[PDB]
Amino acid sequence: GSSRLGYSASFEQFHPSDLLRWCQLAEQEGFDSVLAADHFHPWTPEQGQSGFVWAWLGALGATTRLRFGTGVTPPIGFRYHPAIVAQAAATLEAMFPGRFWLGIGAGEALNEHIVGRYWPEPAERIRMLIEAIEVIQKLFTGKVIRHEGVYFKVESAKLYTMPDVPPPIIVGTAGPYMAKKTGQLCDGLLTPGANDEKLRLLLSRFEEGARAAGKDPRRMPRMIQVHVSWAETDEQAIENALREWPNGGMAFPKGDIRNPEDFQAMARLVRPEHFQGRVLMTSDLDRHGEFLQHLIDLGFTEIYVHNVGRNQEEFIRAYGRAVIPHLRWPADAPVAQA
């Protein structure tokens, strides 16, 4: 029924004060939710930012009525111990009930390498993520808990500041295996843009995981984050993607690359063709609308849109005028909340 769409707040690119103002505008223009990445570093120096997301989310919560979530935090003990992520999530939900969702994932070296520890392969980090989920869920019971596993140790700990109902745990992944585990263990899925076949596989795996654990997946959020480039001309939209988001044209695993300067050098190889299916680059707002509608039709219940250009205000107003009012959402779609 009612108008809605998610806005991606790009901490890699934009000063937190600007993001705050733009989220306030996005709310006025019909966006209903915000996705905020948890980075320490940008992908490139040209992007040039990386605010501490947890502080900013407090400001967002206090000055808007938007829903919001981390997209995503790695609670696997490099930058963040899982107990701290649990406390942070509980505090946000306690302050802003019904508004926060905790998005988590297996992390990238770009952010995690700063603490100077062994960086496991993806499959091992998945195992760490699953153990972290166990820790977070124990703490979310609001009782005194202990934990000893392969990766984490928690001595007697309790979250005294705990909402009546915990925030949902959303896993951000593009892997079939983890998508199934997300359905089994967590409350919802967040995935990046990809071709129809890959998206259907992830949805299917998530649903199968949920059903095998006795859950109803039709009531569970299935969310997607997409990257677009809107501008006044097609040429400007293409140029914006090349300059601002060359990582979008890197169709290869990026989780081991440590430095912004590394991505910067790799970016010199990226060309417009490499953004096919990964960043929609056009001035034609009808085409933005059709792209988003197609994702709803596949079964996504929320979409978070990252415009890669620095023209955030103009993008927000353009989407508010020409895109968001024409999107048709199922009336009973679940959203990430409560």
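For every residue, the number given is its place in the sequence shown, counted from 1.
Peer 1: Taking the recorded C-alpha temperature factors, which stretch has the higher mean, 116-124 or 208-216?
Peer 2: Between 116-124 and 208-216, it is 208-216.
Peer 1: Going by the mean C-alpha B-factor recorded in the entry, which is higher: 284-292 or 54-62?
Peer 2: Stretch with the higher mean C-alpha B-factor: 284-292.
Peer 1: Out of 133, 89, 154, 201, which residue has the highest Cα temperature factor in the PDB record?
Peer 2: Answer for 133, 89, 154, 201: 201, with the highest C-alpha B-factor.
Peer 1: In terms of the CA temperature factor given in the entry, to which third of its chain does residue 149 belong: lowest, middle or highest?
Peer 2: It belongs to the middle third of the chain when residues are ordered by C-alpha B-factor.
Peer 1: Looking at the C-alpha B-factor of residue 178, is it in the lowest, middle or highest third of its chain?
Peer 2: Middle third.
Peer 1: Using the B-factor values recorded in the entry, state whether the Cα atom of residue 38 falls in the lowest, middle or highest third among the modelled residues of its chain.
Peer 2: Its C-alpha B-factor, which the entry lists for residue 38, ranks in the lowest third among residues of this chain.
Peer 1: What third of its chain's C-alpha B-factors does residue 158 belong to: lowest, middle or highest?
Peer 2: Within its chain, residue 158 is a lowest-third residue by C-alpha B-factor, going by the deposited values.
Peer 1: Just say lowest, middle or highest third for the CA B-factor of residue 268 relative to the other modelled residues in its chain.
Peer 2: Tercile = highest for this residue's CA B-factor.
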